[PDB]
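K.L.:
Chains Af, Ba, Fd and Fc are the protein sequences, given in the same order. Residue numbering for the first sequence follows the authors' numbering, beginning at 101 and increasing consecutively. Residue numbering for the second sequence follows the authors' numbering, beginning at 4 and increasing consecutively. Residue numbering for the third sequence follows the authors' numbering, beginning at 6 and increasing consecutively. Residue numbering for the fourth sequence follows the authors' numbering, beginning at 6 and increasing consecutively. Here a beta-carbon is modelled for each residue, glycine too, at the ideal position from N, C-alpha and C.
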Amino acid sequence: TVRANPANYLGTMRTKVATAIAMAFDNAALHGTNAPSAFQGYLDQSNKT
Amino acid sequence: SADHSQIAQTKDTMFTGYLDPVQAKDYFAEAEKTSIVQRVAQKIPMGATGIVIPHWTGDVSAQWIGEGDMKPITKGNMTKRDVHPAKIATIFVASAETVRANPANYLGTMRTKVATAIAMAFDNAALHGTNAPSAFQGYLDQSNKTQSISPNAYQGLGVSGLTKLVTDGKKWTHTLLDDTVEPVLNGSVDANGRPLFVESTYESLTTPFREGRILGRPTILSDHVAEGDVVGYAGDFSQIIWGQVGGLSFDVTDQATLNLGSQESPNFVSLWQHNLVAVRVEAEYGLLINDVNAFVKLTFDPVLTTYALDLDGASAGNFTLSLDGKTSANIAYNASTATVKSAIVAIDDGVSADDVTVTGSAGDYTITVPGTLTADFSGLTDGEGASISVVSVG
Amino acid sequence: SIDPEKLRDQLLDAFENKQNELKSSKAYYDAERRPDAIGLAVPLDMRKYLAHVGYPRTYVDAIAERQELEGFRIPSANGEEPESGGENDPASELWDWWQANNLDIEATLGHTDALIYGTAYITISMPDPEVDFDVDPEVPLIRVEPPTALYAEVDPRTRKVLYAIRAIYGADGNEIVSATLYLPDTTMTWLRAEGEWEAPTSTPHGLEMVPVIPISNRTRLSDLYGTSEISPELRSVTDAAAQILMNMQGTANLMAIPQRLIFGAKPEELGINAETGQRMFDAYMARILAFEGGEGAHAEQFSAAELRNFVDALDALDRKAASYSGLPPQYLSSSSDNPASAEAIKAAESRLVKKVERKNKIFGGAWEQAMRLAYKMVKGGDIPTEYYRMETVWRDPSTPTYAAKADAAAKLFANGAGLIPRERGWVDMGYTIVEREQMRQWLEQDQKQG
Amino acid sequence: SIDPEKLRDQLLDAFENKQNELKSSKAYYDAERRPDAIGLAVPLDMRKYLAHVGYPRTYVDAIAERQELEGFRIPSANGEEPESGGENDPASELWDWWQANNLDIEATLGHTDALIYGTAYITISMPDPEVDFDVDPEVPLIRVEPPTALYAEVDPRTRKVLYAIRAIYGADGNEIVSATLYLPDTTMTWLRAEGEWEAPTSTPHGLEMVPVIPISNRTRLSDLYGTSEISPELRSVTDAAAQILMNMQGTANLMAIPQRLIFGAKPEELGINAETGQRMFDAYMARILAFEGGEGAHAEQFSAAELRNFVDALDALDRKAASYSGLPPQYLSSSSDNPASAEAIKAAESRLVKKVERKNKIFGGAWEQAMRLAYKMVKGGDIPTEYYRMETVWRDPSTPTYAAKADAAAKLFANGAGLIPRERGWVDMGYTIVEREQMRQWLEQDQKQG
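Following this line, the structure appears as structure tokens:
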């Protein structure tokens, strides 16, 4: 699969993974969804609506 | 580390004599075995994708007509067959300081020894089929034809053997012989006792044993073609094609991890932590024989042949066996072992109830016979997918 | 007869077998780990702290560093020697093929491998401009190969090469990736094995002998093949000085501090922690320790090892390494006595200079044959017999004491009047074969200007 | 045959793998923490006081700072003229591009990397209209890059490069901001904006060879890629001296002071405050202490360590660090004595001078190849075959004793009646290829007045 790299699967994969890295940041900082304990807060914690 | 292990080289027993007045290379080791099929079959370009071979087949035709007879209509036809590569591989392992020392040039010598083993594995997979990967289509021993050469080769090859090819409408273009054949060519004599294949006062080596042609066809020699009871072949070697996707591709690491055990039960060792170097080797051959029936197997004295007869899924009608082209009366797919024996000996010529043997249950027969055996399954009214194959010498 | 495609694998085998010898001297020049270098008094877990030693590099460098070739003399017909370094002169063409191949660069590398391994090889071909290169396609491609890549079988009767093989390895996998075979009347090459395996190519050559010349460090006629310059004496004082450095290094960690003991006073009377066998005493500078009766206690010390006991042995091994190498004594720092004067310089260098001058003669013979073959290879026909007498001109290998020569060359010339002709003043100054030709062209201009 | 997009990632992976070897040598030149440097006698709370030893930096700086290129030399077609003057001769053409790229700044940096890492790469390109303001639009843009940023598959069968990749890292850490790939006929650049490669902007080129040339620190002929100049011997004496310095420093913090004990003395009789374990010794001058004598009470002391017992081993390692590097002894400060006369200088520097002459010849072959490519790149066509024979004139790397040279050369020339043509006396004086032209102009004018 690496020798052939059909449909540029490897190149495509790195772009899709890099996208998922970013979404895993924003959904950790906005809504806390899977936030690591090292993050000091997330915006949905506000008491104001 | 894991010292003297069966699986790695570590200053084991072999290197007890090293770095002293050791007697050079020795005077007794034989040269590395060359491949054989790779010098007789045409090499065909092979991609990692495999290849499609097209083939014409349509029985297109024309008719004689009178004036004013309206002209007939016809259609051609074509078909295709796929071929794929298959990998062969090995690994070998030594202590990193063994690689620095390179005692008896072992890490160099090993690269030649694995190359020979990989070449030999291709020839065994092509000739006798011994371990052939499922992607290889056909092997030479799978032929339904055999010939003896014992009393003299000339009658064996040029008369009898050729008859068994041309009667099937298949031609003879090459012959391939093992070194163990030399006594039966040297012993091939006329009635006066003069050899046929060598000239007077007998200085010269016997003609085909110089790779000279026999009756127009080139001779190919080998030191390792023989197996079981087969000593060589005669046939149309244009019916074989082979390829290689890439070279032997040596690769090396000081840093990976190996399973010295099995997938079912592992025994991992780090190459880094035990300080071992490992070499990884692979090649990617491929093979197709267009028709395995195009070859006569050569045998050093007369033999029986044995066949597996397969009627899997057969459910209605009857099948016809044939010996040297003479058809039996038809047989039911449900018939007894002894019924099949009685039917084959009812072919009008040469057969007997004491030489012919039949074994196995109904629909799964094994037939042992003094000849070429062929089958017509077209009388089966339902349950196609029936087949026949050779399985060993009898 | 023998088939060349069989002789190929036979010579590849003999070439791989030779490599097991060369590892011995490579380990001294690169300073790799060696068993006999390891200092035995150092404890087993400290054996990782290997001390390496630089005598063999220092010596082999200091010879090859001095050698340079200026040009060639080919003797004239019937006394014609005043003529130029230009003008298509026989001796100048053989110097153009030196510059065009940049052998100025490559031969100082090749002479270093000739010292390290006792041999290197010079090889010759017309170039194939059918592959794109940065070479003048007229010039014969004289090139140098190390014994780690080329192997040649000498006939011991004639001392000629019978045949030779050049191999090259593709990457860190240490597979062989092309094999070129030289035979008396042809060069034949399994041009690459770039993946797959090879297919051959061949080019016959005008010579009646193999176009490969061994350049070799043969030190007396009993050498049919050159010895490595890293002599057994120098190896033994290298490995000895490695042990002394390593034992001293371990001693500085484990024993340079006098160890302190108390006797009598009980561990429970000190109040040591029973889980870990110690107290954190406060240990700042002013303090005094009061230890109670200790049931009749006393304090005492093991002495430090004193490292000067090793340094006197390191100095003795430096004097031995200076003696067996023949370098100036300050190259190993064995005396700080730098030569105050232009005489005292070449006093100290005299055993190095006389060694380099022998190496210039011993290598000059290889560069005769490399050029004599290259003439026949290019020009065809036969060698004009004046070329059988050609000899290399090397540079003076001593320190360039420039101002100390100017007094002498001025006084010997004394304007027109003195005992030497002008040209000899330039030769004694050491202006090179190429430079003295440039000189005549400037002197003509100063003469025409007046 | 091959495809750029996959070849780009194939080289980029090999380039990232190469960066794991290089930093092991950088840790010597940059003097970062090495696991082998830590002094094993120092207790585990003080091992944060690293001691960093400057032998590697000293050695590479001392070579790399003494290398200067005066200019090229190119031979004339029949030897017609010694120098063809300032009228745009083939040599001053190449020298114009040297100044126009400020290569006299960039080269001495590139040589420092060639010595640290074993290699660094020259590269050649035409300047863009669109990008790179501040260069003369006619000259070829020739620039040099380290092996921490450019990598090339050197082809061992041919000594050319198959292909090469330049990877620009961003301001902080692991982000590649762009990659540029060099082919035998083409160049491609991907910028890596928003985590993605953009489309490869690309140019053809007028060579049929990759426009990248390696400088390599080739120690000897079989060193096929060039080693670091910080050789295993010099690494070893660097790490060895780091340990001795660290133990010696730790000893002064703990052990260079006598430790004072009292036996027999009951802590209660001495009035120790029993909840703290101390009492305040008022230390001023001659205040005599007094005690009761029970339990045979007496004062005794552990001795201090001699710090000199380390220093007299540091003085031994400095003599090794000189011996393995060939620096003039006073560069290690091995001793106070230093050469009193021009004669003593020329001998004292005699290793380091010939080492630099050897490096100049090895790096000269890279600047020759870079100029031959630069010539094809602007000028087109096949190169005039005199350029295969060109040479680089480096400055004399020895300490310039101008007064001794002046007295000597004035004696050879003797107001024109001596054994030297005027402008040889200039290159003996060491005035450069570029400087002497101004003396031809000034002399031509001075002849109008005397």
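Mind checking which residues open and close the beta strand (DSSP E) that includes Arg220 (chain Ba)?
P.N.:
Here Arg220 (chain Ba) belongs to no beta strand (DSSP E), and DSSP marks it neither H nor E.
K.L.:
Indicate whether at least one CB of chain Af lies closer than 7 Å to the CB of residue 2 (chain Fc).
P.N.:
Residue 2 (chain Fc) lies beyond the stretch modelled for chain Fc, which goes from 6 to 455, so this question has no answer here.
K.L.:
Taking Cβ to Cβ, would you say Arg39 (chain Fc) is nearer than 7 Å to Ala46 (chain Fc)?
P.N.:
Against a cut-off of 7 Å, the Cβ pair of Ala46 (chain Fc) and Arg39 (chain Fc) comes out as no contact.
K.L.:
Is there contact between the region 67 to 83 of chain Fc and the region 273 to 286 of chain Fc, where contact requires at least three CB pairs shorter than 8 Å?
P.N.:
As far as the Cβ criterion goes, the region 67 to 83 of chain Fc does not touch the region 273 to 286 of chain Fc, which means the pair count is below three.
K.L.:
Which chain Fd residues are close to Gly423 (chain Fc), counting only those with a beta carbon under 8 Å from its beta carbon?
P.N.:
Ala415, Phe418 and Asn420, listed in chain order.
K.L.:
Quick one: which chain Fd residues come within Cβ less than 9 Å of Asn105 (chain Ba)?
P.N.:
Ordered by position in chain Fd, the residues that pass the 9 Å Cβ test against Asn105 (chain Ba) are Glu21, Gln24, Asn25 and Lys28.
K.L.:
How about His177 (chain Ba) and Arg213 (chain Ba): do their beta carbons lie closer than 7 Å?
P.N.:
Against a cut-off of 7 Å, the Cβ pair of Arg213 (chain Ba) and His177 (chain Ba) comes out as no contact.
K.L.:
Distance, Cα to Cα, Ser64 (chain Ba) vs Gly79 (chain Ba)?
P.N.:
Their backbone Cα atoms lie some 9 Å apart in a straight line.
K.L.:
Using the beta-carbon of each residue, which ones in chain Fc are nearer than 8 Å to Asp451 (chain Fd)?
P.N.:
Those are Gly421, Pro426 and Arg427, listed as they occur along chain Fc.
K.L.:
Taking only three categories from DSSP, how would you classify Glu285 (chain Ba)?
P.N.:
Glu285 (chain Ba) falls in the strand class under three-state DSSP.
K.L.:
So, is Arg225 (chain Fd) buried or exposed, given that buried needs 16 or more other C-beta atoms within 10 angstroms?
P.N.:
When all chains shown are included, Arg225 (chain Fd) counts as exposed.
K.L.:
List the residues that DSSP assigns as beta-bridge partners of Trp195 (chain Fc).
P.N.:
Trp195 (chain Fc) is bridged to Fc:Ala184.
K.L.:
Alpha carbon to alpha carbon, how far is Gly382 (chain Ba) from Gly132 (chain Ba)?
P.N.:
Straight-line Cα distance between these residues: approximately 32 Å.
K.L.:
Taking just the CA atoms, how far does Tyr156 (chain Fc) sit from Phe20 (chain Fc)?
P.N.:
Going by the C-alpha atoms only, they are around 6 Å apart.
K.L.:
On the premise that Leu294 (chain Fd) lies in contact with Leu266 (chain Fc), defined as a C-beta separation below 8 Å, what is that separation, rounded to the nearest angstrom?
P.N.:
About 5 Å; that satisfies the 8 Å criterion.
K.L.:
Identify every residue that forms a DSSP beta bridge with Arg148 (chain Fc).
P.N.:
According to DSSP, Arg148 (chain Fc) bridges with Fc:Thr128.
K.L.:
In angstroms, rounded to a whole number, what distance separates the CA positions of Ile220 (chain Fc) and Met290 (chain Fd)?
P.N.:
So the alpha carbons of these two residues sit roughly 56 Å apart.
K.L.:
Determine the chain Fd residues that contact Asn108 (chain Ba) at a beta-carbon separation under 9 Å, and present them in chain order.
P.N.:
Ordered by position in chain Fd, the residues that pass the 9 Å Cβ test against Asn108 (chain Ba) are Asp18, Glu21, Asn22, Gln24 and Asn25.
K.L.:
Inspect the beta-carbon positions of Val86 (chain Ba) and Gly289 (chain Ba) and report whether they are closer than 7 Å.
P.N.:
Contact flag set, yes.
K.L.:
As a quick exercise: from Fc:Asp342, Fc:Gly269, Fc:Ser328 and Fc:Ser30, pick the residue whose alpha carbon is nearest that of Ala302 (chain Fc).
P.N.:
Considering only alpha carbons, the answer is Fc:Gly269.
K.L.:
With distances taken Cα to Cα, identify the nearest neighbour of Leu312 (chain Ba) among Ba:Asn147, Ba:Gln247 and Ba:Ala92.
P.N.:
That would be Ba:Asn147, whose Cα lies nearest to the Cα of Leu312 (chain Ba).
K.L.:
In terms of residue numbering, what span does the alpha helix (DSSP H) encompassing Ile438 (chain Fc) cover?
P.N.:
Per DSSP, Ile438 (chain Fc) belongs to the alpha helix (DSSP H) from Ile438 to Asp451.
K.L.:
With a threshold of 8 Å on Cβ separation, who are the neighbours of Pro48 (chain Fd) within its own chain once the five nearest residues in sequence on each side are excluded?
P.N.:
The residues are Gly255 and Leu259.
K.L.:
The region 180 to 193 of chain Fd: which residues have C-beta closer than 7 Å to a C-beta of chain Ba, in chain order?
P.N.:
Cβ contacts with chain Ba: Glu180.
K.L.:
Does the count of Cβ pairs from the region 81 to 99 of chain Fd and the region 340 to 356 of chain Fc closer than 8 Å reach three?
P.N.:
They do not touch, by the three-pair rule.
K.L.:
Whole angstroms is fine: what's the gap from residue 3 (chain Fc)'s alpha carbon to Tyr60 (chain Fc)'s?
P.N.:
Residue 3 (chain Fc) lies beyond the range of chain Fc shown here (6 to 455); nothing can be said about it.
K.L.:
Hey, does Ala118 (chain Af) have any beta-carbon neighbour from chain Fc nearer than 7 Å?
P.N.:
Taking Cβ atoms only, chain Fc reaches closer than 7 Å to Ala118 (chain Af), which makes this a yes.
K.L.:
Expressed to the nearest angstrom, what Euclidean distance is found between the alpha-carbon atoms of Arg52 (chain Fc) and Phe139 (chain Af)?
P.N.:
Distance between the alpha carbons of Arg52 (chain Fc) and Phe139 (chain Af): 34 Å.
K.L.:
Checking contacts by CB at 7 Å: is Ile127 (chain Fc) closer than that to chain Fd?
P.N.:
For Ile127 (chain Fc), the answer is no, since every Cβ of chain Fd falls outside 7 Å of its Cβ.
K.L.:
Indicate whether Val144 (chain Fd) and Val217 (chain Fd) have their beta-carbon atoms separated by less than 7 Å.
P.N.:
Taking 7 Å as the Cβ cut-off, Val144 (chain Fd) and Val217 (chain Fd) do not qualify as a contacting pair.
K.L.:
Given that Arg62 (chain Fd) touches chain Fc, what residues does it touch there, using C-beta distances under 8 Å?
P.N.:
Under the 8 Å cutoff, chain Fc gives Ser236, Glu238 and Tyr329.
K.L.:
Between which two residues does the beta strand (DSSP E) containing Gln374 (chain Fd) stretch?
P.N.:
No beta strand (DSSP E) contains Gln374 (chain Fd), which is instead part of the alpha helix (DSSP H) from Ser355 to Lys384.
K.L.:
What residues from the region 115 to 145 of chain Af come within 9 Å of chain Fc, judged by C-beta to C-beta, listed N to C?
P.N.:
So the close ones are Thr115, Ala118, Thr119, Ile121 and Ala122.
K.L.:
Taking DSSP as the reference, what is the three-state secondary structure of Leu143 (chain Af)?
P.N.:
The answer is helix: DSSP assigns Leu143 (chain Af) an H, G or I state.
K.L.:
Grab the span of the beta strand (DSSP E) containing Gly76 (chain Fd) for me, first residue to last.
P.N.:
From DSSP, the beta strand (DSSP E) with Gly76 (chain Fd) extends over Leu74 to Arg78.
K.L.:
Let me know the secondary structure DSSP gives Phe253 (chain Ba) once reduced to three states.
P.N.:
Three-state result, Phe253 (chain Ba): coil.
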